[PDB]
Every structure is written in structure tokens, then in C-alpha cells.
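Let me begin by presenting the structure, written as C-alpha cells, before commenting on it.
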Amino acid sequence: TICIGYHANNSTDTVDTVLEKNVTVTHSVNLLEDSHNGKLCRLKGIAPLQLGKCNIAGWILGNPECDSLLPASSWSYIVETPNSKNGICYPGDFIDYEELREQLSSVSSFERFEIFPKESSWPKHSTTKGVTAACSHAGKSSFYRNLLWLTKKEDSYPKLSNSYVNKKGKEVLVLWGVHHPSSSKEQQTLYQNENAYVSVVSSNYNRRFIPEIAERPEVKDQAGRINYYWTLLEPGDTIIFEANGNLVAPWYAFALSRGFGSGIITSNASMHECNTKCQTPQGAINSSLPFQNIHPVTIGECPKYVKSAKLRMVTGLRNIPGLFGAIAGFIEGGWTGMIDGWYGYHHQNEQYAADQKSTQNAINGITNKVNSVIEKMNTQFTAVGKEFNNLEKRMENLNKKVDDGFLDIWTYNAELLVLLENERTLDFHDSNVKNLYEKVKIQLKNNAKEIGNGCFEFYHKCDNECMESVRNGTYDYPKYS
Amino acid sequence: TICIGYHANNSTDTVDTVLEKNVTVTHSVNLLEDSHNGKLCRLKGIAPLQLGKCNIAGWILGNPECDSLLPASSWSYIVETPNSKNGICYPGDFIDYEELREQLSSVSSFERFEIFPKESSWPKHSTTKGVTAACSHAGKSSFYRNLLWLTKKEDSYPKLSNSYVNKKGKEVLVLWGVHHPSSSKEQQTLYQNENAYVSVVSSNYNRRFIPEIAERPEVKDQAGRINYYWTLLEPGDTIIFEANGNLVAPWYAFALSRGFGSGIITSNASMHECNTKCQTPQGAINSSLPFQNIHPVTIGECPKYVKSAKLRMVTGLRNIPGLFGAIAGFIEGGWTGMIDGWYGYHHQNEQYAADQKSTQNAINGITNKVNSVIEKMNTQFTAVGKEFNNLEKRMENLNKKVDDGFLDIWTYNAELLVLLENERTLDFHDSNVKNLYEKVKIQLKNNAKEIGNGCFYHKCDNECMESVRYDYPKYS
Amino acid sequence: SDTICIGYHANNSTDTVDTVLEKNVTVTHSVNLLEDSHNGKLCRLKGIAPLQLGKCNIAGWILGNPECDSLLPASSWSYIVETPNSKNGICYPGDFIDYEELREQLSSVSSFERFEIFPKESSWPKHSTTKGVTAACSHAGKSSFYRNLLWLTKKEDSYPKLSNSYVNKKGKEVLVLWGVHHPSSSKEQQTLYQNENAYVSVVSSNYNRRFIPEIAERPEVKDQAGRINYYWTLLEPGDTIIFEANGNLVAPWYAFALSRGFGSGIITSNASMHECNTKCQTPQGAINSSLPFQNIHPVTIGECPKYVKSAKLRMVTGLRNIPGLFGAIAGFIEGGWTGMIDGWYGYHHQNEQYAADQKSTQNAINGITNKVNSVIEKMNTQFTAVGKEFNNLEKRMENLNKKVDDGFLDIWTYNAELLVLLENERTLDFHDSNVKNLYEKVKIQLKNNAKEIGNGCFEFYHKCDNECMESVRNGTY
Ligand SMILES: *[C@@H]1O[C@H](CO)[C@@H](O[C@@H]2O[C@H](CO)[C@@H](O[C@@H]3O[C@H](CO)[C@@H](O)[C@H](O[C@H]4O[C@H](CO)[C@@H](O)[C@H](O)[C@@H]4O)[C@@H]3O)[C@H](O)[C@H]2NC(C)=O)[C@H](O)[C@H]1NC(C)=O
Ligand SMILES: *[C@@H]1O[C@H](CO)[C@@H](O)[C@H](O)[C@H]1NC(C)=O
Ligand SMILES: *[C@@H]1O[C@H](CO)[C@@H](O)[C@H](O)[C@H]1NC(C)=O
Ligand SMILES: *[C@@H]1O[C@H](CO)[C@@H](O)[C@H](O)[C@H]1NC(C)=O
Ligand SMILES: *[C@@H]1O[C@H](CO)[C@@H](O)[C@H](O)[C@H]1NC(C)=O
Ligand SMILES: *[C@@H]1O[C@H](CO)[C@@H](O)[C@H](O)[C@H]1NC(C)=O
Ligand SMILES: *[C@@H]1O[C@H](CO)[C@@H](O)[C@H](O)[C@H]1NC(C)=O
Ligand SMILES: *[C@@H]1O[C@H](CO)[C@@H](O)[C@H](O)[C@H]1NC(C)=O
Ligand SMILES: *[C@@H]1O[C@H](CO)[C@@H](O)[C@H](O)[C@H]1NC(C)=O
Ligand SMILES: *[C@@H]1O[C@H](CO)[C@@H](O)[C@H](O)[C@H]1NC(C)=O
Ligand SMILES: *[C@@H]1O[C@H](CO)[C@@H](O)[C@H](O)[C@H]1NC(C)=O
Ligand SMILES: [K+]
Ligand code: NA
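Line by line, the protein sequences are chains U, D and G. So the first sequence is residues 1 to 481, counted in our numbering. So the second sequence is residues 482 to 957, counted in our numbering. So the third sequence is residues 958 to 1434, counted in our numbering.
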């Protein structure tokens, strides 16, 4: 008596299918990465720039609270934290701030340099009194490290004129401010001239600022305001500053080097000496799976983020220790006793064997099925959040509509692919067992009684020799009938 | 003679499959909601705010045509109509109007309050002559209810300085205007001083305005212009207004409560005393279907909008009153006489029965298949159109490219899924019938003749026919 | 020794497709879904030629930059072509305010009429109209200027308050351009416009802007320390625009009455114009295809297949070519019959004296015809989709626009490549099914009268001639 049957094991792997959920299967692959090291890591060997208690504004202006960032020159990405609260210390408006954050997100390294050396650039103006209790440091009134708040020298503020020629071979980021006093008494005290102007021109930047005197609510005990400005000076170009008051002059500028794959993320994780190909605000990922459910914000080469809790793909068959009627059908159960293949035979004679041809073709096909569908899935490169000022609610909502829309498409695509192809993987195995069985019934013909549960009760007695004949596809029906 | 066959009924339900269109099937479910009550309803018990003939500007400024909106304090969504034509009655520019619309789209309730009480805040200026024929009410010249057009008092306009401290614990929306007269005679008549300014400053707002005198084409017979401005004053912050002319001063402001799920829609439907979980400009939807084709604009929890006319999913089989060769194959037709199941047996002996095991496993799987794909579809929360001014065409087109891209993908996903899985569901039934038949062929073996159309050498009564549903040797 | 056999088609095809279980599967018949061929040329759309800006860009064309004189008599087009040499824009340095928006507005203009809105010869009697030239806009070795603007200057040391209005009686929206000049010095301001403090005012019923010229020492661009800010507005039909100035006005000279169409746009291409008509135009060349997908270029004009990032989308229709789930094809029926030319599934007889089965074969064609059609319909054609432009303070919006384009393209490429992978398996299964059903159809007829070898052949236990073979194939046995 020869029987035909399929594999069973001690596996608890569950997948879901179109017709049935919580289907226990013999073998499966996880497609969804849910593990991370909970740390900030280097990316391709380059550590990120950690702004800590500072935000982008405080770093680029040189807020005294951020002095430890002053020597930073190259990074792989930028990390803000939940306590990145130090930006502008003196009240005002940072014009096109979010655009500057976008500019700095593709900066891989920069050279901070003294664009107008303090001790020699301003002989006719005071360079020593531009400090405020709003930018305190070490118990004293102080000021930004990258700006120089010029004031009158000996009751005079002559027309100032200073130029810089960009000989760096790179774009130079130039920052300045215009100070808006709270009274004309303050205007006279700081700059002498009551009717001031500031002009900033380059070959592609051209703005004139007229300071406004006004009574304002005090912010950090300050009724004045500084508006902060920035521009990118192209290589070879000149930028010209002219003023008779109220100029918060550039002191340090940045020659920028552009790179690929950087971005600004907000994380509470701590920096460790790890190296990763993929970084999230939650931690680093080490995986080749096509999907992750850890965070939508990613730095590097990452799996696509999806809103799923499980994405298990069946590769083996139903674990029983059907569209084609064999598995869980007329062959009621599986054989844990057969460990060496997915499909096989069981011989019971006087004197368990798995079929290698059918099992190796199934193994080949399922491997191509897993590989071919993961291939259609593409690596997620750097994708981060974006910031918008309080008059850009429509754009902010448009950006959120775009990100949520794609995330819903990819989550639907992923969950539905697995659900529908899991059911086709079980039908594939059921088909393989039904084809192996029928190939044995066309080989024995009249020489055996079909019991109907995958077994052929032999009428004659042939020992092991002809039993391998049945399996090998070399069984001689005439000799025994 | 015992036969194996499948169910048929008087159903005309049609589906489309990958290999054949217009396939009549025994049972199906519609996945596409196309019905609505044609009314505006409450959402979670809260009525919408109906602006009627007014648009957002006329309402929030207090255009005299909108007096009936003045007491409105809480709403679930905002309805403009095709006749929402009353906005600014005196001509000019409403600066960052579309942004204000976006801001108000997330307001669930507000408190309208007098930020500068008219009779006590302006002792040195006139509060009684700032009316215009462009904002007529009751046959007389009038003005906005939330603005106060100050003018000179006794031939002088002293420098004015007024401040408001937000003690409301909420953002306060403050609106004001700057008037730009058409001539210097008009400037002197209204404000005396020829060179005027308006300054409005807070802790995070800081703007100064110089009125501009120019000859302009008349709009509503007005050659002057008013620029309307707004800002959100944070809790605890102070806003200071300073001017020596041309100030349309704030009179009423709004303490705002933010909420989730609101929006502004344009509808011609009328309000009724219904409550709904889902509202569109055409009418409210009461459905659990994953899709609708009624409107892309939705308020609440709604089915996903798709551009399809039909999304019917086959649950039963082909209606005959195959991949596996049985249904519409060697079993050429179905049995209307069998009413109690999808697959069953028919006996003709000397002395119709549905199989419960095979039919209930088909029902269990088909139920899971419909439920499993409807879960993959997630409810649509509030999604409404947006507005852009005439220098934001690129942004407007980008918004339209985004909205169109998503709808083309979803319409494709839904239409293709139903098309492919319909063929797949009918194959499932063909497999169940071919598996039912083969289970019988191996039980009867040589004791019966297989006619080959799904259909006894001995004479076997009713008792033994249920045996199969069979001790072959015992009754051989 | 009389045998009917059941088989399937074979031919000499090298057509190859990919399947979810196997790659490089050679099939008998397949259809390409992916247009990769174009003519390499720019062509008319609906018989209307594009506007080739050539060495000029939108700014230089619309202002009338003298390098662009040859575009002046162009009145209608089907789309606008910039080239990689489209570098002539503003010739006098300055800022073209809201330029990208203006490009976006012209993308929808099908034709326009250029006309003297303020005729030079008669609109400015109290001002000079002949001295507003510069070496920055050189023409023919001489100082010249934009063809559509007029640089008004002082007349005999008098530049009086100027005021001119235009009432749009054209029935279409009118595009009006002007400039405001910002001189380098206080002397330049007096030398050109006399009055020290000047202003420009431009008001319509929906437009109200004022300009105050700013004098500042500036780096020279094209030998000019001054700057001009260029401006534009659309005057609605019946609306009136009014210019008032006391200097610094670069006045509108020619304006444009626009006709809006559908489906135009601006593309960058380096292909040459050729005398051809096309429903579909891309920067690389024109497409003539009914296929649903193309991989030529994402920019298109007209009605085009949808762009995907794919190198091959071939969809099997015929059979596995051998000269499955169901066990017949490449199963117990091991190989195919090149000798059965007129059908997908048929019979072979060995009598004493190949045949296609019409019924099962013509049903499989109808099914396969319907599958490929049903899939092509779900795909919709690409209407005009073009790139957008953004100035240097719109980097976030530029990226957001790219995240959108990149997002959709990835999704449609995934959709097309997964649809063909998965449905190619289903089609091969379908063919293994049709063969098996036919082979079991024959088996149930013969029952006891024939021995089943198991390779699709039935050796009939009686004698069976050409008449009895037709019985088996006809089903009349
Ligand atoms: C748009 O279409 C035109 C049409 O052909 C196309 O033109 C090509 O331009 C390139 C570059 O401008 C040409 O290139 C050269 O070929 C000559 C021989 O004719 C060489 O001598 C040149 O070499 C010199 O210069 C280099 C730069 O310094 C040096 O590195 C080099 O050692 C040489 O000194 C140069 O290779 C080319 O001839 C034409 N034509 C063709 C058919 O290529 C243009 O490129 C297209 N534009 C775009 C943006 O695609
Ligand atoms: C489960 O199977 C693995 C591999 O056969 C074996 O190493 C392990 O001991 C088994 N455990 C149990 C509890 O059966
Ligand atoms: C799923 O099946 C497992 C067997 O692997 C069982 O232990 C578990 O309770 C089941 N859970 C559900 C939710 O069906
Ligand atoms: C971030 O980590 C620090 C370290 O303990 C802790 O003070 C803070 O609560 C954390 N914040 C969040 C949001 O996890
Ligand atoms: C990532 O995981 C693999 C899994 O075996 C491991 O071999 C490899 O060392 C891991 N990489 C890092 C950087 O830890
Ligand atoms: C069709 O059959 C259903 C069975 O539920 C019955 O209710 C209905 O009345 C029938 N149609 C007609 C026209 O009688
Ligand atoms: C669908 O079939 C019915 C009858 O089978 C027919 O009356 C109807 O016209 C068909 N539908 C279409 C759109 O042709
Ligand atoms: C709404 O639908 C529910 C079921 O979801 C139904 O019970 C109820 O009658 C319907 N009511 C209205 C007003 O449509
Ligand atoms: C197959 O034979 C036909 C018959 O002439 C021929 O036209 C065709 O080119 C051949 N196949 C290939 C790939 O050339
Ligand atoms: C694919 O199969 C063809 C036969 O049709 C063969 O010539 C070729 O080398 C194979 N491999 C490819 C195309 O990479
Ligand atoms: C497009 O291709 C068809 C197919 O040969 C051809 O007949 C037609 O002339 C072509 N049309 C153009 C405009 O090239
Ligand atoms: K800002
Ligand atoms: Na506006």
C-alpha cells in the first residue's frame, strides 16, 4: 500500500487569506520590519548634527545658547529634539525661515568664516555695545555670534558701506538683521540719525529696509524688534551693505557644500557609536524587508513605511499535524513524519519518502514569487517632515494630504497583495499535491485500489525495489498485470 | 441515477469578470453607494452654519446683508451656496483671505465679542459717520458690524492708540481695515491729516500701512479702496492699534475654539431635521459601503469617492436557469428547484437536497472575502475643496493634480479589484462543484455508471442516498 | 493501435514574458503594452504648430526682447517649446515679478492678439519717447529696447504727472506688462525724470499696486547699476487699467488679448520641428500609439499613454511555447505541436487511412481578447502633463511638486509591473485549464473503449477511422 501526502511541522506561523483568517502554515516570510535599535547612528560613517536645546534659527544665527555647535562643519542629517526651543533670542521675524530650513536640508558641509572681521571692518562705528539682556550668556548681556549689532561711535554714525566678494567657489549664506527701535529716543541713542535706511544688494538680491519706530508689547523685556534676513551669494558675486543705522551686520557667513540624502528630523533618541544605512526618529533600522511600520520619517535607504501591524507571506502550505481538493480535502492531514520535502510518498510493505522533482519546482517557484514581488517594491530614500509659517496653512494641509494619500495607497497595496497572493500560494501547493497524486494513479491504473484518501492499496505484493519504481516514474504496469 | 448540480434563481444581478462582461449571477453585493437623501443634515447632532447669500468675508466682517448670521456661535461644518455673493461691499483687497478661510475651516465654535466698545473707546474721534452707499442696509448707507470706520471729530484727527490684551484663554481673530481714499480732498474731509499712517503690532504681528491716494476706476461707485486685514492674537498677547487717519478700526473680534473634521462646502441642498455621519454637497449619506460616486467633497466619515458607475461584487455563481470544467461545463445548467443551498444533489428513484457542508464553507469563505476587502478600504474623513487667489495658479493646479491623481488610482484599484476577483469568485464555485462531484465518484466507484453530465446499477432507496451525504461493499 | 490524442499549439515564437513563478517564459503569442518608439521630432497637434521660442525664454518673448524679434508675428500655437538655448529673457537687469505665475498663465493661452495698448506716437505728448534705450538691449549695433515696452523720459526738463487709462474692449482678457525703473544715483533720477521723489501707480478694478523707486549703489549687471522690476496683470474684459506716474515708468506699449485653450503647455525640448501631425507630443519626439503605457518621457502634450519607469510590459495571450496548476500543459501532455497551425488546442489521429478544435479555441480567444481589453480600459490616457517652474524662495513647493510627481509615477509603475506579472500567471493557468477540460471531455466519451496512456493519447480498443475520429472531436460519440 502506497500513500501520497504532504509535509507538516511544529510551526505556529499564521497568515491571513481571502477566504480564511488565522491560517497556520508550515513556512512563511515576514515582509514588515518592526525592529530598531532605539538610537541615533552615523549614516555611512558620518554622524548627524545634533542641535539639542537649539533649533535651526539659533544654530545659524549663533544664539549664545548654542555655542557648542559653532565648530560643526559636516554631518549626514540634522536632528532637532523636543527641547529645541532656542531660536531667536531678541524678538522679531526671521524672514523666509522655512525656506532657509529647506536650503540647509541639502547642505552636507559648510565653512563658517568671518565675512567682516570685527576689529578692522568698522573703523567709524562702535562694535562693542550691541548686546542685550535677551541674548544673555554667562550672566551678562550678550548677542548672537554670527551677527554684529553696530552702534554709533562718539555720537556719530556715518554712512557705512561694506562689500564682500565671494571667492569661495561655493554659494555663501549671508545673514543680517534690521533693528526696529521702540522710540525715537532709542533711535538717537543707538544710531544718532533719526531717519535711517538699510540697503542690501547683490547681483540677484536687491532690498531696501526702512526701520519703523513703534510702541510694542515687550517680548523678553524687549519692545524693539529685529527682523532677520538671509540670502545665497553665488560664486564670484558681490553683496553690498549700506546703512546709516539699524544694521545688525553679518559677522560670520557659511560657504555651503551640497550633498544628497540629508534632512531635518525631530527625535528624542540619543547618539551612539553605531553605523546604519537607515535612520528614523525612533531608531536605526538594519533590514532588507520591503516594509517597515516604525516611522514615516526616514534618513537613508529604508523600507517603505506602511500603517500595518503584520505582513506575513505564506511560502509553505497549511500545517495540519482547498481549490484543488487534495490538501485539507480528500487527503485529510499532513505528515510530520516526512521532514525532507514538501510533497512525498509513504510506503507500507513487507520488506516516508519525499518527491524531489515536485518539491524542488515548488521551492523554485515560490522563491521567484517572493523575490519578484519584493523587487516591484522600491527602496524609500530620505523623506522627512516640512515646516510652514502661520500664513501657509493651505500648503501645510496640502503637504499632509499628499503624505497621507500615498501612505494609504501603499498600505492598501501591501495588505491586499499579501492577502490575495497568500490564498494563491495555498492553492499552488494544493495543485502540486493533486498533480502528484494523479501522476501516481495513471502509473498504477488497474494494479491498485484507490482508497480515496491519497493511498493506493496494492493488489499484488512488490517490495522496496518497485516502490522506488513508483516514485521514480519508472513503474512497469505490464509486468505486474 | 443521482445527479450533482448547482443553484439557480430568478436573479438578474449582473457583474463583469476578466474573461466575460455582463455575467448574470445568482447573488451579489453592491460596493458603490449611489443614494443620498438630498438634504443638509446635522453631523453628530450639530447643525452646519449656513451662510446663504453671504460668503466667508461677508460673514466674518459682518456685511449688513448677513445680520442673521451674527449670533451664530457653534457649527459642525460651513455651507456656502451658489448665491454666496455678499463678501466685501466696499471695494478693496482682503489680504490673505484664502488663509483666513483655511483657518476658519478648523473652528468648531467662537465667541463674538466687542474688542473696542464703540461708545467709550474713541472719545477723540467720530464713530457715527463711517457709513457708505456700498454697504447699504434698510435704504440707508451703513457699514460692517465687526468694523468701525473712524473719522475726524470737530475737524481734527488726533493720534489714536488703542490696545487689547487677550484674556480669553483662546486665540482671538482680529480684523481691521485701512482705507485708501480717492483724492486728497477726500483724505482731508475724512481724516484732516494729509500724511497718515496705521500701525498694528502684537508680539508676533508687526505691520505699518501708508494710505495711498490715487485715481481708480469706480467699483460700486467707489473710487476709494479698503484693504481688509486679519491676524490671530495668541492668548495673553497684546495688539496695539495706532493711527492718525484711514483706520477702519476693529469693533468685534472672535475668540476661537478649534475642532476636528469641519470644512467649507458649496451646496444648493436645504437643511432638514436629520442627523448624519456623512454629508456631501448633494445630500447626506447613510451607508457602510466602501465606495460612493455621489461627491468628492465629504464631511464626516464617508465611503471613498470613486469615478465609477458600478462596483458589484459576485458572491454567488453564474445564474443558469469554467476553470474547473463543472459549472457551465459538463454540468450544463443550474437547478431553480433547489432553493436551500448553492450546491446539492437531485435523486430520482422509486420511493432536491442541498449539501450543507459544501454550501456553508462557500458562504463562510465568501463572507470573509467580502469582509476582508472592505476592511482594506478605510473610511474617508472630511475632504473638501480649497480656494486660491489669482496669483496662486501654480498651487491651485498642484492641488488639482494631487486630487486627480488619487482619484484615478482609487477608481482603478476598486474597478480592477472587483473585475479580477469576480472571475476568481466564480472559479471558487466551479472548484466547489468539481470537488463535490469527485467526492461522489470515488464513493460509488464501480457501483454506478457515470453519465458525464453530473449524473445506479442496483436499486437504492432514500435511506442509502443519505449514506453518501456509503458502505459500498455492504450494499454492493 | 488507433489513437486520438489531445494537445496544444506550438510555433517558432521567441516572445518572452515574466510570471510570478518563473522568468523568461517563452510563449506562443503575447502583446506589448509599452510604447518605446517615437519619431524623434516635434510635430503639429491637431494640425497646429508649436511656438518655438528658440534662443529666447518666456520673459524675452513676452517682453519683446530684441533678440526675439522673429517671434513677434506668432499668434497661435498648440504648445510652447523652450530649448536648452532659451537664455534670452530680460536684458536690462532686475526682477521679473511673479514670473512663474505668468508662465503658468501663458500655458493656457491658445492664441493671442498683440496690439498697441498705448500707441507710442500719440499717448505721451508731454513726455519723451525716443530716449529710452540702453546698450543692455542692443540691436543692430545700436542701443535699443523691448518691443512691447516704452521707456518714457523727461521732455525739456519737465516730467509732469502722467495719467493714462485703457478700457479693454477686446472681449477677451488682456495681458498688460510694464516696468518700474530704479536708477543708480540721485543724478540719474534727475537726468531721466527730473522730479526727485517719484511714484508709479497701476490700478484696475481688481489690481491696486503702487511703486516707489529706490536709488542705491548696486553691482553692475550687464554694465548697469540700475534695475528694472517688470510687472504684469490681466485686465478683465470691460475693466479699465490706469497708469499714473511722475517718473520711472517703463510704460506698456504692446499688450496681448488672450484666447484660452485646453491642453497646451511649455516643454523643454531639443528636437527639431518637422512637418508631421500627432495626437501626442513629448520632448523626445511624437508618439503614435494606442498602447496604454510609454517609457519615453513623463512630459507629454495631447493624448498619450501613461508614463512608467519600466523597460518591458509584455502580456501573454497565447500558450507556453514548447516545440502547471492543472497538470496538462508542460505536464502529462509534455510538449507542443508545431504541426497544428490553425488552433490553440486540438487533436491528432493515427488511423489506418492534427486538427484544431474550433469551439474551445475560439472561446479562449474571446476570453483572452476580453482580458486584454478590460485591462486596457481601466488604464486612462495621459492628457497634457508638463513640468512646473519655481523661483529661488519656493524650494519647499518645488520639492512638494516633485514628491507628488515621483509618488504617482512609482505607484503607476508598480501597478503596471505587478498587474502583468500576476495576470500572466493567470493566463497560463487558463490555458492549462482549457487543455485539461478538453482532455477530460474526450476521456468521458470513450470510457471503456480505449486505454489512457497518460500523455494525452487514447488508444481505442476498437477500430476507428476518419469518420469515427470526427465523432470524438465533434462530441457526437
Ligand atoms: C541639442 O542638439 C544639438 C544638435 O546636435 C546638440 O549638439 C551637440 O553639441 C555638442 C556640445 O555642444 C557638440 O560637441 C562637440 O563635438 C565637437 C566636434 O564637432 C568636439 O570638437 C567638441 O569637443 C570640445 O569641447 C569640449 C568642451 O570643452 C572639450 O572637452 C573637448 O575636448 C573638445 O575640445 C564637442 O565634443 C556636438 O558636436 C553637437 N552635435 C552632436 C550631434 O552631438 C546639443 O548637445 C543638444 N543639447 C542638449 C542639451 O542635449
Ligand atoms: C521545533 O522544530 C525545530 C526544528 O525541527 C526543533 O529544533 C525544535 O526543537 C522543535 N521544538 C518543538 C517544541 O517541537
Ligand atoms: C490563531 O491561531 C493560533 C494557532 O496558531 C491560536 O493559538 C490563536 O488563538 C488564534 N487566534 C485567533 C485570533 O484566531
Ligand atoms: C526624552 O528623553 C528625555 C531623557 O529621559 C526625557 O527627559 C523626556 O521625557 C523624553 N521625552 C519624550 C517625549 O520621550
Ligand atoms: C544586520 O542584520 C544581519 C542579520 O544577520 C547581521 O548579520 C548584521 O550584522 C546586521 N548589521 C549590523 C550593522 O548590525
Ligand atoms: C423572485 O424570487 C424571489 C425569491 O425570494 C421572490 O421573492 C420574488 O417575488 C420573485 N420574483 C417575482 C417577480 O415573483
Ligand atoms: C446584458 O444581458 C442582458 C440579457 O442577458 C441583455 O438584455 C442586456 O442588453 C445586456 N447588457 C448590455 C449592456 O448589453
Ligand atoms: C441609516 O442606516 C441604518 C443602518 O446603517 C438604518 O438602520 C437606518 O434606517 C438608516 N436611517 C436613515 C435615516 O437613513
Ligand atoms: C517564424 O516563421 C515565420 C514564417 O515565415 C516567419 O515569418 C517568422 O519570422 C519566424 N520567426 C521569427 C522570430 O523570425
Ligand atoms: C531567455 O530565453 C531565450 C529563448 O526564448 C534565450 O535565447 C535567452 O538566452 C534567455 N535569456 C535571456 C533573454 O536573458
Ligand atoms: C500611426 O500608425 C499607423 C499604423 O501603421 C499608421 O497607419 C498611421 O499612418 C500612423 N499615423 C501617423 C500620424 O504617423
Ligand atoms: K517667520
Ligand atoms: Na485677496
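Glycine included, every Cβ here is placed at the ideal spot set by N, Cα and C.
task: Reducing DSSP to helix, strand and coil, say where residue 1121 of chain G ends up.
output: In the three-state DSSP reduction, residue 1121 of chain G falls in the strand class (E or B).
field: For residue 823 of chain D, the first and last residue of its enclosing beta strand (DSSP E)
entry: Segment: none, residue 823 of chain D is in no beta strand (DSSP E) and carries neither H nor E.
- prompt: Roughly how many whole angstroms lie between the Cα atoms of residue 1108 of chain G and residue 1086 of chain G?
  reply: A direct Cα-Cα distance of roughly 7 angstroms separates residue 1108 of chain G from residue 1086 of chain G.
Touch test, the stretch 270-282 of chain U against the stretch 215-228 of chain U, Cβ-Cβ under 8 angstroms, three pairs minimum: Per the Cβ contact rule, the stretch 270-282 of chain U is not in contact with the stretch 215-228 of chain U (fewer than 3 Cβ pairs under 8 angstroms).
task: Could you tell me whether the stretch 833-842 of chain D touches the stretch 1021-1035 of chain G, where touching means 3 or more Cβ pairs closer than 8 angstroms?
output: Two segments are said to touch when three or more pairs of C-beta atoms, one from each, lie closer than 8 angstroms; by this definition the stretch 833-842 of chain D does not touch the stretch 1021-1035 of chain G.
Reference residue 4 of chain U; option with closest CA among U:243, U:352, U:386, U:374: Cα-wise, what sits closest to residue 4 of chain U is U:352.
DSSP-derived helix/strand/coil call for residue 773 of chain D: Strand, per DSSP.
field: Rounded separation between residue 285 of chain U and residue 277 of chain U - CA only
entry: Approximately 8 angstroms, taken between the alpha carbons.
task: Quick one: grab the DSSP three-state call for residue 843 of chain D.
output: Here DSSP, grouped into helix, strand and coil, assigns residue 843 of chain D to helix.
field: Per-residue burial, residue 1406 of chain G [other beta carbons within 10 Å of its own, 16 or more giving buried]
entry: So residue 1406 of chain G ends up on the exposed side.
message: Quick check: what's the CA-CA separation for residue 263 of chain U versus residue 48 of chain U?
response: Pairing residue 263 of chain U with residue 48 of chain U, the inter-Cα distance amounts to about 10 angstroms.
- prompt: What do you reckon, are the CB atoms on residue 217 of chain U and residue 178 of chain U nearer than 8 angstroms?
  reply: In this structure, residue 178 of chain U does not lie closer than 8 angstroms to residue 217 of chain U by Cβ.
message: Suppose you measure from the CA of residue 467 of chain U to the CA of residue 478 of chain U; what does that come to, to the nearest Å?
response: Their Cα atoms are separated by approximately 15 angstroms.
- request: Look up residue 1189 of chain G in the DSSP assignment and say whether it is helix, strand or coil.
  value: Three-state result, residue 1189 of chain G: strand.
query: Is the number of C-beta pairs between the stretch 724-735 of chain D and the stretch 617-630 of chain D that are closer than 8 angstroms three or more?
result: Cβ pair count under 8 angstroms is three or more, so yes.
task: Would you check whether ligand 7 has a heavy atom nearer than 7 angstroms to the C-beta of residue 903 of chain D?
output: Between ligand 7 and the CB of residue 903 of chain D, the shortest heavy atom gap is not smaller than 7 angstroms.
query: Who are the near neighbours of residue 716 of chain D in its chain, counting only those whose CB is closer than 6 angstroms to its CB and skipping five residues on each side?
result: Short of 6 angstroms from the beta carbon of residue 716 of chain D, and not among the five residues preceding or following it, lie these beta carbons of its own chain, in chain order: 647, 650.
task: Alpha carbon to alpha carbon, how far is residue 1250 of chain G from residue 994 of chain G? Give it in angstroms, no decimals.
output: Looking at the two C-alpha atoms, the distance is approximately 12 angstroms.
message: Considering Cα atoms alone, identify which of U:162, U:288, U:26, U:86 is closest to residue 377 of chain U.
response: Of U:162, U:288, U:26, U:86, the residue nearest in Cα terms is U:288.
query: From the DSSP output, which residues share a beta bridge with residue 458 of chain U?
result: Paired residue(s): U:448.
Contacts of residue 369 of chain U in chain G (Cβ-Cβ under 7 angstroms): Per Cβ cutoff of 7 angstroms: 977, 978.
- prompt: Should residue 10 of chain U be listed as close to ligand 2, given that the test is whether its C-beta is under 7 angstroms from any heavy atom?
  reply: Under cutoff, so the answer is yes.
query: the stretch 1155-1177 of chain G: which residues have C-beta closer than 7 angstroms to a C-beta of chain D, in chain order?
result: Residues of the stretch 1155-1177 of chain G with a C-beta less than 7 angstroms from any C-beta of chain D: 1158, 1160, 1161, 1162, 1165, 1167, listed in chain order.
message: Can you check whether the C-beta of residue 22 of chain U is within less than 8 angstroms of a C-beta belonging to chain G?
response: Taking Cβ atoms only, chain G never reaches closer than 8 angstroms to residue 22 of chain U, which makes this a no.
task: Please state whether DSSP places residue 1169 of chain G in a helix, a strand or coil.
output: It is coil, neither helix nor strand.
- request: Please confirm whether any heavy atom of ligand 12 lies closer than 7 angstroms to the CB of residue 209 of chain U.
  value: In this structure, residue 209 of chain U has its CB at a distance of at least 7 angstroms from all heavy atoms of ligand 12.
- prompt: Which residues in chain D sit within 8 angstroms of residue 393 of chain U, going by Cβ to Cβ distance?
  reply: What residue 393 of chain U touches in chain D: 580, 583, 584.
Sequence-distant residues of the same chain with beta carbon closer than 6 angstroms to residue 723 of chain D, five excluded per side: Only 642, 680 meet the Cβ criterion.
- prompt: Sorry if obvious, but does the Cβ on residue 82 of chain U come closer than 7 angstroms to a heavy atom of ligand 4?
  reply: Indeed, a heavy atom of ligand 4 lies less than 7 angstroms from the Cβ.
message: Within 8 angstroms of any Cβ in chain G, is that where the Cβ of residue 804 of chain D sits?
response: Interface criterion met: the Cβ of residue 804 of chain D is under 8 angstroms from a Cβ in chain G.
query: Does ligand 13 have a heavy atom nearer than 7 angstroms to the CB of residue 869 of chain D?
result: Ligand 13 never approaches residue 869 of chain D closely enough for any of its heavy atoms to be under 7 angstroms from the residue's Cβ.
For residue 1284 of chain G and residue 1393 of chain G, believed in contact at Cβ under 8 angstroms, the rounded distance: That pair is a contact at about 7 angstroms.
- request: Confirm the yes/no value for this check: CB of residue 1014 of chain G, any heavy atom of ligand 1, distance under 7 angstroms.
  value: Not so, every heavy atom of ligand 1 lies at least 7 angstroms from the Cβ.
- request: Examine chain D for any beta-carbon lying closer than 8 angstroms to the beta-carbon of residue 1026 of chain G, and answer yes or no.
  value: For residue 1026 of chain G, not one C-beta of chain D is nearer than 8 angstroms to its own C-beta.
query: Is residue 800 of chain D near ligand 7, in the sense that its beta carbon is under 7 angstroms from a heavy atom of that ligand?
result: Not under cutoff, so the answer is no.
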